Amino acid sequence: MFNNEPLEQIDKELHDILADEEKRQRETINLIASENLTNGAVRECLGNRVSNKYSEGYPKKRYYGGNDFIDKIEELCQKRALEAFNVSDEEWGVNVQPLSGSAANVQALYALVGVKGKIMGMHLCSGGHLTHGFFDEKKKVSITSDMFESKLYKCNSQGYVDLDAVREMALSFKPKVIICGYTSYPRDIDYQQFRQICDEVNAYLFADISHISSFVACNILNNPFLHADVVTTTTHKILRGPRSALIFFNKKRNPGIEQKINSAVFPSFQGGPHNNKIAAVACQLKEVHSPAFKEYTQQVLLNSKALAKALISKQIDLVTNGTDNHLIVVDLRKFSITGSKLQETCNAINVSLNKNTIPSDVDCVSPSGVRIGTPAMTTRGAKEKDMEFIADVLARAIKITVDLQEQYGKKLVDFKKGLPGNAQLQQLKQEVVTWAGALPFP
């Protein structure tokens, strides 16, 4: 007693929009540093019947029965998680149930400090995440500043973490948790010098490596697992998994932490795990451990290096003047345009990127930069030689943005009206669509 008709039949209208979205994805140069494209296998798992099953609790300790094949899956996922990140059963545990990077952070932070607890994180405009305790002056924008009492540190004017300001603010504030690892940081992190600050004040060290997880896994960047009490990471983004998250916790450094994290996730916050998510994570953490994935991660970094260099060779400025990772923040002050306007121009040419603050920005409104990243295009098979074209496309986009701003004004509302119809944009778009359209697409 159900309708078994395929999606095309059963809901034509939704099948059409979904087909368009796929075409868009396929025909776009995607530079969103936090996006990627999952393979077909991951998507078979996300659509598996395993999500019919309710599984509140943990393996061997479920509320309900019938959970034997489910337990093997969660078990496999924890196994594959701890090894991908080169840690041992006996030092580190992992929770694979958090539904999102934001959930994992909220849960992990609750487990460590509880309500009213004190936390330190990097400011949003400076490149920290919302769930790192973000607030405005007026109101607590993130639960992490309301459930918790949070203070925010900034980066210096060169766009580097001001470790000395981290110490100044910590000693005065005495947080129980200091969060590092960011949303928009083009340089690797000094986890050791964070480990020293926490130790100095008896704080937990929290590394959110969501943006760079693959570099940590692949031994290409610094290892927070030698210094952190807790590491969180999304499974999507550069890891190229489904939409989910992982909480790692150092048993050796804090016995009794395993209980605090496992019970914070459920029953404090979540209900039943989403087992399709867990299956898909398992499926990608296998891939993550294969040496072809290390190749891919290396290709990501090469492309990023090549992208930065090509942009510099076209006299475009980058925050910190380069990158150690997959992402580049462009400083646009030189051209008297906002990242705000450039996003609009690139949207108009099937190029995906987003506005981003730069150190000199006092507010988060009308920011002076854009963030770009190479994980998605690398997945699509672009190599170092392809970065010049992307850089070329971006420079042309910056130039057209300058031309349209002089013709239509600095007012963002007014700027947009210039975009539609523009022959330069249409030609550049078609250039993009023609190159993007035919690239490998999972």
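Residue numbers here begin at 1 and follow the sequence given. Take the two forms, find the largest set of C-alpha atoms that superpose within 1.5 Å, and that set is the rigid core.
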Original post:
Fit on the core, then compare CA atoms: does 127-135 or 359-367 lie farther from this form in 8 other deposited structures of this protein?
Top reply: 359-367
Subject >> Comparing 138-146 and 244-252 where Cα RMS over structures and residues is taken in 8 other deposited structures of this protein (core fit), larger one >> reply: 138-146
Original post:
Per the PDB record, is the mean Cα temperature factor higher over 191-199 or over 72-80?
Top reply: 191-199
Original post:
As stated in the PDB record, which stretch has the larger average Cα B-factor, 253-261 or 224-232?
Top reply: 253-261
Original post:
Considering only 208, 344, 331, 91, which residue's Cα atom bears the greatest B-factor as recorded?
Top reply: 91
Original post:
Among 365, 282, 308, 327, where is the Cα temperature factor highest, going by the PDB entry?
Top reply: 365
Subject >> Relative C-alpha B-factor of residue 340, binned into the chain's lowest, middle or highest third >> reply: middle
Original post:
Should residue 413 be placed in the lowest, middle or highest third of its chain by the C-alpha B factor in the entry?
Top reply: highest
Original post:
Ranked by Cα temperature factor within the chain, is residue 273 in the lowest third, the middle third or the highest third?
Top reply: lowest
**OP:** Select lowest, middle or highest to describe the third in which the CA B-factor of residue 406 falls within its chain in this entry.
**Re:** highest
**OP:** Please place residue 97 in the lowest, middle or highest third of its chain by C-alpha B factor as given in the entry.
**Re:** lowest
